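> This is the structure I want to talk about, given as structure tokens.
What follows is calculated from the coordinates using simple rules that are stated; it is not laboratory data. Methodologically, a virtual Cβ is constructed for each residue, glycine included, from the backbone with ideal geometry; neighbour enumeration extends over all protein chains shown.
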Amino acid sequence: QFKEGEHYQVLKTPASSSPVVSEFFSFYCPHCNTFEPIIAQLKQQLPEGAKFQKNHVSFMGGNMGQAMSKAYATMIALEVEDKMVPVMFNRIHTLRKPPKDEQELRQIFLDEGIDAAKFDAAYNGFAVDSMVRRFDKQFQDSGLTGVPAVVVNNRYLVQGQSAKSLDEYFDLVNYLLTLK
Ligand SMILES: C[C@H](CCC(=O)NCCS(=O)(=O)O)[C@H]1CC[C@H]2[C@@H]3[C@H](O)C[C@@H]4C[C@H](O)CC[C@]4(C)[C@H]3C[C@H](O)[C@]12C
């Protein structure tokens, strides 16, 4: 069914050690916003033992892009992705009130009930710094040129504009998870 060059491209990076689906996104990206409920269904139907990893990119949002990457990494660090990922998309794309500075970015978390001391320790901490650097290294090493992008096993770039239903898009990802 699924064919190289048509349904996916092989990237220059080496294959991952264990099965993983990696999404590269930005909270500033409208298509990433549209994609988020689709991602939520992809995750629910992934084969047992396959990991899913969202990676935020810093090149949208002007001088707030890197701060927003740290914000996403903070959602991972604090284990509040289920609450904060839809909140942040909604703030930028429905309310259309993107944060003008880091104070407003922090306030978006506080206004959802995140503890201020826990946010401050995470946002400026080593785990978040390490995760943002990893977002960036993967994006650079993979030769990615934009978002959204979905990479399977560190090496197979999905061409979503090949699927003819949501179920077929899922079949393509699941097939790629079996490649080395
Ligand atoms: C779930 C698919 C991809 C989701 C997405 O947001 N793309 C980005 C992912 S990626 O970075 O390209 O991997 C989308 C992309 C193309 C979509 C199809 C096309 O839009 C064409 C039709 C449109 C109809 O309204 C619904 C069926 C459909 C046949 C769509 C089903 C589904 O929504 C598809 C298959």
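> Do you know which of the residues in the range 4-49 that are among the charged types (D, E, K, R) and in contact with a helix residue (DSSP H, G or I) (Cβ under 9 Å, 6 or more places away or on another chain) is farthest from the ligand (Cβ to nearest atom)?
Ranking the candidates gives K12 first.
> Can you confirm whether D115 is under 21 Å from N55 (Cα atoms) and out of contact with any helix residue (DSSP H, G or I) (no Cβ under 6 Å at 6 or more places or on another chain)?
no
> What number of residues within the range 37-64 are buried (at least 17 other Cβ atoms within 10 Å of the Cβ) and part of a helix (DSSP H, G or I)?
3
> Out of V158, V147, which single residue is among the hydrophobic types (A, V, I, L, M, F, W, C) and touching a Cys at 6+ places or on another chain (Cβ under 6 Å)?
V147 is the lone residue from the list that is among the hydrophobic types (A, V, I, L, M, F, W, C) and touching a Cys at 6+ places or on another chain (Cβ under 6 Å).
> With the checklist (1) buried (at least 16 other Cβ atoms within 10 Å of the Cβ); (2) within 16 Å of the ligand (Cβ to nearest atom) in hand, flag the one item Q161 doesn't pass.
(1)
> What's the total number of residues in the range 135-155 that are more than 11 Å from the ligand (Cβ to nearest atom) and under 16 Å from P14 (Cα atoms)?
Counting residues in the range 135-155 that are more than 11 Å from the ligand (Cβ to nearest atom) and under 16 Å from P14 (Cα atoms) gives 10.
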